[PDB]
Structures are given as C-alpha cells and as structure tokens.
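*Asks:* Input file: my_file.pdb. Contents: PDB, C-alpha atoms.
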```pdb
ATOM      1  CA  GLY A   1       7.005   9.627  32.772
ATOM      2  CA  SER A   2       4.975  12.342  31.064
ATOM      3  CA  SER A   3       3.456  10.809  27.931
ATOM      4  CA  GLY A   4       2.011   7.307  27.790
ATOM      5  CA  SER A   5       0.995   5.890  24.417
ATOM      6  CA  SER A   6      -0.631   6.992  21.160
ATOM      7  CA  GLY A   7      -2.028   3.840  19.583
ATOM      8  CA  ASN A   8      -1.269   1.753  16.503
ATOM      9  CA  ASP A   9      -2.002  -1.520  14.709
ATOM     10  CA  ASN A  10      -0.388  -4.817  15.707
ATOM     11  CA  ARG A  11      -0.661  -8.450  14.613
ATOM     12  CA  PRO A  12       0.743 -11.763  15.918
ATOM     13  CA  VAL A  13       3.359 -13.904  14.176
ATOM     14  CA  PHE A  14       3.517 -17.655  13.574
ATOM     15  CA  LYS A  15       6.555 -19.688  14.627
ATOM     16  CA  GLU A  16       7.216 -20.911  11.087
ATOM     17  CA  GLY A  17       5.394 -20.220   7.834
ATOM     18  CA  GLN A  18       5.448 -23.818   6.623
ATOM     19  CA  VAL A  19       6.560 -27.017   8.354
ATOM     20  CA  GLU A  20       6.743 -30.669   7.310
ATOM     21  CA  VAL A  21       5.722 -33.473   9.669
ATOM     22  CA  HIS A  22       5.821 -37.271   9.493
ATOM     23  CA  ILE A  23       3.038 -39.197  11.228
ATOM     24  CA  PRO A  24       1.802 -42.780  10.697
ATOM     25  CA  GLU A  25      -1.732 -43.270   9.377
ATOM     26  CA  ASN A  26      -2.371 -45.752  12.189
ATOM     27  CA  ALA A  27      -1.123 -43.091  14.603
ATOM     28  CA  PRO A  28      -2.926 -43.193  17.978
ATOM     29  CA  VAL A  29      -5.854 -40.835  18.557
ATOM     30  CA  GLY A  30      -4.853 -37.812  20.613
ATOM     31  CA  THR A  31      -1.405 -37.292  19.113
ATOM     32  CA  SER A  32      -0.118 -33.736  18.710
ATOM     33  CA  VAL A  33       0.846 -33.194  15.070
ATOM     34  CA  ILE A  34       1.816 -29.518  15.057
ATOM     35  CA  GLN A  35       1.344 -26.588  17.434
ATOM     36  CA  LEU A  36       1.197 -22.963  16.289
ATOM     37  CA  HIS A  37       2.266 -20.430  18.919
ATOM     38  CA  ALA A  38       1.257 -16.890  17.964
ATOM     39  CA  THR A  39       0.742 -14.525  20.897
ATOM     40  CA  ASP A  40       0.158 -10.788  20.503
ATOM     41  CA  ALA A  41       2.547  -8.169  21.880
ATOM     42  CA  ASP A  42       4.007  -9.775  25.003
ATOM     43  CA  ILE A  43       2.994  -6.704  27.005
ATOM     44  CA  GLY A  44      -0.777  -6.874  27.361
ATOM     45  CA  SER A  45      -2.766  -9.888  26.191
ATOM     46  CA  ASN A  46      -6.376  -8.715  26.437
ATOM     47  CA  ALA A  47      -7.539 -10.456  23.262
ATOM     48  CA  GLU A  48      -8.794 -13.781  21.909
ATOM     49  CA  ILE A  49      -6.947 -15.393  19.000
ATOM     50  CA  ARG A  50      -9.149 -17.836  17.091
ATOM     51  CA  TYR A  51      -7.751 -20.349  14.602
ATOM     52  CA  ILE A  52     -10.130 -21.205  11.763
ATOM     53  CA  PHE A  53      -9.766 -23.344   8.639
ATOM     54  CA  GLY A  54      -8.234 -21.711   5.580
ATOM     55  CA  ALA A  55      -9.872 -21.596   2.158
ATOM     56  CA  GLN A  56     -10.547 -24.619  -0.049
ATOM     57  CA  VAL A  57     -10.247 -27.022   2.884
ATOM     58  CA  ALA A  58     -11.855 -30.450   2.530
ATOM     59  CA  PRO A  59     -14.330 -31.498   5.254
ATOM     60  CA  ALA A  60     -12.751 -34.917   5.775
ATOM     61  CA  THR A  61      -9.579 -33.209   6.992
ATOM     62  CA  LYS A  62     -11.623 -31.261   9.540
ATOM     63  CA  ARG A  63     -12.991 -34.503  10.984
ATOM     64  CA  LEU A  64      -9.821 -36.588  10.706
ATOM     65  CA  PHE A  65      -7.859 -33.815  12.420
ATOM     66  CA  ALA A  66      -9.170 -31.705  15.299
ATOM     67  CA  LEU A  67      -8.081 -28.065  15.103
ATOM     68  CA  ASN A  68      -8.526 -26.063  18.307
ATOM     69  CA  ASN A  69     -10.016 -22.662  17.483
ATOM     70  CA  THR A  70      -8.737 -21.414  20.841
ATOM     71  CA  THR A  71      -5.090 -22.490  20.805
ATOM     72  CA  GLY A  72      -4.538 -23.475  17.186
ATOM     73  CA  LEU A  73      -3.210 -26.911  18.105
ATOM     74  CA  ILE A  74      -3.621 -29.806  15.673
ATOM     75  CA  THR A  75      -4.065 -33.323  17.052
ATOM     76  CA  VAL A  76      -5.215 -36.661  15.640
ATOM     77  CA  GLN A  77      -9.004 -36.850  15.901
ATOM     78  CA  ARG A  78      -9.630 -40.096  14.021
ATOM     79  CA  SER A  79      -7.790 -42.848  12.146
ATOM     80  CA  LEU A  80      -6.299 -41.705   8.838
ATOM     81  CA  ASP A  81      -6.015 -43.451   5.471
ATOM     82  CA  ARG A  82      -2.950 -43.423   3.220
ATOM     83  CA  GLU A  83      -4.541 -45.198   0.255
ATOM     84  CA  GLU A  84      -6.957 -42.278  -0.064
ATOM     85  CA  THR A  85      -4.718 -39.312   0.747
ATOM     86  CA  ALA A  86      -0.945 -39.261   1.214
ATOM     87  CA  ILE A  87      -0.278 -35.576   1.876
ATOM     88  CA  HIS A  88      -2.449 -33.302   4.017
ATOM     89  CA  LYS A  89      -2.347 -29.548   3.409
ATOM     90  CA  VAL A  90      -4.055 -27.550   6.159
ATOM     91  CA  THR A  91      -3.924 -23.775   6.599
ATOM     92  CA  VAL A  92      -4.458 -21.893   9.861
ATOM     93  CA  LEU A  93      -5.647 -18.303  10.249
ATOM     94  CA  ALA A  94      -5.149 -16.294  13.440
ATOM     95  CA  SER A  95      -7.320 -13.197  13.848
ATOM     96  CA  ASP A  96      -6.901 -11.080  16.980
ATOM     97  CA  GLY A  97      -8.208  -7.694  15.881
ATOM     98  CA  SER A  98      -6.730  -6.435  12.618
ATOM     99  CA  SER A  99      -7.610  -6.072   8.936
ATOM    100  CA  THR A 100      -6.730  -9.670   8.071
ATOM    101  CA  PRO A 101      -5.273 -12.577  10.086
ATOM    102  CA  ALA A 102      -2.019 -14.401   9.340
ATOM    103  CA  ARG A 103      -1.897 -17.474   7.103
ATOM    104  CA  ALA A 104       0.205 -20.560   7.829
ATOM    105  CA  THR A 105       0.695 -23.706   5.750
ATOM    106  CA  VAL A 106       1.196 -27.155   7.273
ATOM    107  CA  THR A 107       2.154 -30.275   5.321
ATOM    108  CA  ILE A 108       1.594 -33.660   6.958
ATOM    109  CA  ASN A 109       3.251 -36.661   5.309
ATOM    110  CA  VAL A 110       1.617 -40.020   6.031
ATOM    111  CA  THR A 111       4.101 -42.814   6.722
ATOM    112  CA  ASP A 112       3.362 -46.533   6.426
ATOM    113  CA  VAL A 113       2.769 -48.637   9.538
ATOM    114  CA  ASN A 114       4.259 -52.054  10.295
TER     115      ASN A 114
END
```
Can you dump the structure from the file as structure tokens?
*Replies:*
Amino acid sequence: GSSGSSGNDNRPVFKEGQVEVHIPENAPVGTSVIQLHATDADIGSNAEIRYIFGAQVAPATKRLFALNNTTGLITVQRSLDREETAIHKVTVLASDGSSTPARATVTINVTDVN
C-alpha cells in the first residue's frame, strides 16, 4: 500500500517452558531426548538462534548430552549413570537479537534397564 513498517523488538518462544522425559541410562547413543523449536516471526527469518548452556550447569552433563547450539536439539552423547545422578536438569537459552534470550527448563528422569 502506502506505508510499510516502522520497526520494533521481537523474540522467539519455546514450545513448552518445562517438560519431563523418561530415558534409560543404557539408552543407545544418538537418541533424541528433547527438541526445542523456537523460530522468530514466521515472516522473515534472517537471523541465527544459538542455544547455549544455562547457568550453574555441570560439565559432565555437557559431555553426557550433546546440545546443538544451532538447533537446540538434545541427544544422547555418551552412556549415562543412574547410581551417580538420577535427575538431569538442563536449561537452554535462545538468543536471536534482543536484550536477553528465553530460558527453558528440561527434566530428564533416568529409568532402570533390564
């Protein structure tokens, strides 16, 4: 028409704030635990959303689980241990181009293995 756009701030949104999952410690390497889909305004996607590790995140979790800083997908990276840890609390942060990114909690319950 006549006028186009003015300009404003905009941030993505996670599918679900917190979600509980049940995966066996012996689970096979390469399994997809949880996937966070947070794309900016449908119209126009000229940005790069990176998913980093939240605050107070143990290193072991980073190795045991591989978090893609390009898609934000979490998949089994190495064998896990129940005896040591039973519940895994990992937080993901998506920053496209705003003041502060969005935070998302993810609880992973380790189930025994026959």
*Asks:* Given the file above and the PyMOL selection byres ((chain A and resi 58-67) around 9), which residues are selected, and can you give them as number ranges by chain?
*Replies:* A: 51-53, 56-57, 68-80, 88-90, 92
*Asks:* Distance CA of residue 108 (chain A)-CA of residue 86 (chain A), one decimal place?
*Replies:*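 One can read the CA of residue 108 (chain A) to CA of residue 86 (chain A) distance as 8.4 Å.
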*Asks:* Within 9 Å of residue 22 (chain A), counting all atoms listed in the file, which residues show up once you throw out same-chain ones fewer than 2 positions away? Write them as a list in words, please.
*Replies:* residues 20, 24, 33, 107, 108, 109, 110 and 111 of chain A
*Asks:* Which residues, named as in the file, does the PyMOL selection byres ((chain A and resi 7-13) around 10) pick out? Answer as a ChimeraX atom specification.
*Replies:* /A:4-6,14-17,36-42,49,94-104
*Asks:* Report the distance between CA of residue 28 (chain A) and CA of residue 106 (chain A) in Å, rounded to one decimal place.
*Replies:* 19.7 Å
*Asks:* So what do you get for CA of residue 81 (chain A) versus CA of residue 29 (chain A), distance-wise?
*Replies:*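 Distance reported for this atom pair: 13.3 Å.
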*Asks:* Which is closer to residue 26 (chain A) than all the others in A:82, A:43, A:54, A:105, using only C-alpha atoms?
*Replies:*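 Ranked by minimum distance to residue 26 (chain A), first place goes to A:82.
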*Asks:* My list of candidates is A:47, A:113, A:93, A:55. Which is closest to residue 23 (chain A) when distances are computed with all atoms listed in the file?
*Replies:* A:113
*Asks:* Tell me which of A:45, A:25, A:19, A:30 sits closest to residue 83 (chain A), counting only C-alpha atoms.
*Replies:*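 Using only C-alpha atoms, residue 83 (chain A) sits closest to A:25.
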*Asks:* Kindly output region 3-38 of chain A as a short mmCIF file (atom, residue, chain, number, x, y, z; two decimals), in the frame of the given file, after building N, CA and C atoms.
*Replies:*
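Once written, result05.cif looks like this:
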```
data_model
loop_
_atom_site.label_atom_id
_atom_site.label_comp_id
_atom_site.auth_asym_id
_atom_site.auth_seq_id
_atom_site.Cartn_x
_atom_site.Cartn_y
_atom_site.Cartn_z
N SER A 3 4.36 11.36 28.93
CA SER A 3 3.46 10.81 27.93
C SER A 3 3.36 9.29 28.07
N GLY A 4 2.21 8.74 27.70
CA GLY A 4 2.01 7.31 27.79
C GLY A 4 2.13 6.62 26.44
N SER A 5 1.01 6.53 25.73
CA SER A 5 1.00 5.89 24.42
C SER A 5 0.05 6.63 23.47
N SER A 6 0.20 6.35 22.17
CA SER A 6 -0.63 6.99 21.16
C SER A 6 -1.64 6.00 20.59
N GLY A 7 -1.15 4.85 20.15
CA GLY A 7 -2.03 3.84 19.58
C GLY A 7 -1.67 3.50 18.15
N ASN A 8 -1.60 2.21 17.85
CA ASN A 8 -1.27 1.75 16.50
C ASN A 8 -1.74 0.32 16.28
N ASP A 9 -1.60 -0.16 15.05
CA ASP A 9 -2.00 -1.52 14.71
C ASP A 9 -0.92 -2.52 15.09
N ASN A 10 -1.32 -3.76 15.33
CA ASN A 10 -0.39 -4.82 15.71
C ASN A 10 -1.00 -6.20 15.47
N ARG A 11 -0.20 -7.10 14.90
CA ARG A 11 -0.66 -8.45 14.61
C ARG A 11 0.37 -9.48 15.07
N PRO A 12 -0.12 -10.67 15.45
CA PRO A 12 0.74 -11.76 15.92
C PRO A 12 1.58 -12.36 14.79
N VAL A 13 2.49 -13.26 15.15
CA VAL A 13 3.36 -13.90 14.18
C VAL A 13 3.51 -15.39 14.47
N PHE A 14 3.39 -16.21 13.43
CA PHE A 14 3.52 -17.66 13.57
C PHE A 14 4.98 -18.06 13.73
N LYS A 15 5.20 -19.19 14.41
CA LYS A 15 6.56 -19.69 14.63
C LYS A 15 7.28 -19.91 13.30
N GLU A 16 6.63 -20.63 12.39
CA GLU A 16 7.22 -20.91 11.09
C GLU A 16 6.14 -20.97 10.01
N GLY A 17 6.36 -20.24 8.92
CA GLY A 17 5.39 -20.22 7.83
C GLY A 17 4.90 -21.61 7.48
N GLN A 18 5.80 -22.46 7.01
CA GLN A 18 5.45 -23.82 6.62
C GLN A 18 6.36 -24.83 7.30
N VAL A 19 5.79 -25.97 7.69
CA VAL A 19 6.56 -27.02 8.35
C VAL A 19 6.10 -28.40 7.90
N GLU A 20 7.05 -29.31 7.74
CA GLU A 20 6.74 -30.67 7.31
C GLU A 20 6.80 -31.64 8.49
N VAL A 21 5.79 -32.50 8.59
CA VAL A 21 5.72 -33.47 9.67
C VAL A 21 5.53 -34.88 9.12
N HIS A 22 5.95 -35.88 9.90
CA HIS A 22 5.82 -37.27 9.49
C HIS A 22 5.09 -38.08 10.56
N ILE A 23 3.84 -38.42 10.29
CA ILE A 23 3.04 -39.20 11.23
C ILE A 23 2.39 -40.39 10.54
N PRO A 24 2.39 -41.54 11.22
CA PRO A 24 1.80 -42.78 10.70
C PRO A 24 0.28 -42.71 10.63
N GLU A 25 -0.29 -43.27 9.56
CA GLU A 25 -1.73 -43.27 9.38
C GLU A 25 -2.43 -43.95 10.55
N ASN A 26 -1.81 -45.01 11.06
CA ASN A 26 -2.37 -45.75 12.19
C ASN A 26 -2.13 -45.01 13.50
N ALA A 27 -1.42 -43.89 13.42
CA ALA A 27 -1.12 -43.09 14.60
C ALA A 27 -2.27 -43.14 15.60
N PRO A 28 -1.93 -43.15 16.90
CA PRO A 28 -2.93 -43.19 17.98
C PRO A 28 -3.71 -41.89 18.10
N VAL A 29 -5.00 -42.00 18.41
CA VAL A 29 -5.85 -40.84 18.56
C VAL A 29 -5.44 -40.00 19.76
N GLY A 30 -5.25 -38.70 19.54
CA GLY A 30 -4.85 -37.81 20.61
C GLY A 30 -3.42 -37.34 20.48
N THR A 31 -2.79 -37.69 19.36
CA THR A 31 -1.40 -37.29 19.11
C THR A 31 -1.32 -35.85 18.63
N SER A 32 -0.31 -35.13 19.09
CA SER A 32 -0.12 -33.74 18.71
C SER A 32 0.76 -33.63 17.46
N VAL A 33 0.13 -33.33 16.33
CA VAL A 33 0.85 -33.19 15.07
C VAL A 33 1.73 -31.95 15.07
N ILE A 34 1.09 -30.78 15.06
CA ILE A 34 1.82 -29.52 15.06
C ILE A 34 1.11 -28.48 15.92
N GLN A 35 1.89 -27.63 16.58
CA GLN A 35 1.34 -26.59 17.43
C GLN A 35 1.82 -25.21 16.99
N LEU A 36 0.87 -24.32 16.72
CA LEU A 36 1.20 -22.96 16.29
C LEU A 36 1.10 -21.98 17.45
N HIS A 37 2.23 -21.39 17.82
CA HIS A 37 2.27 -20.43 18.92
C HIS A 37 2.38 -19.01 18.39
N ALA A 38 1.28 -18.27 18.44
CA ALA A 38 1.26 -16.89 17.96
C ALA A 38 0.54 -15.98 18.95
#
```
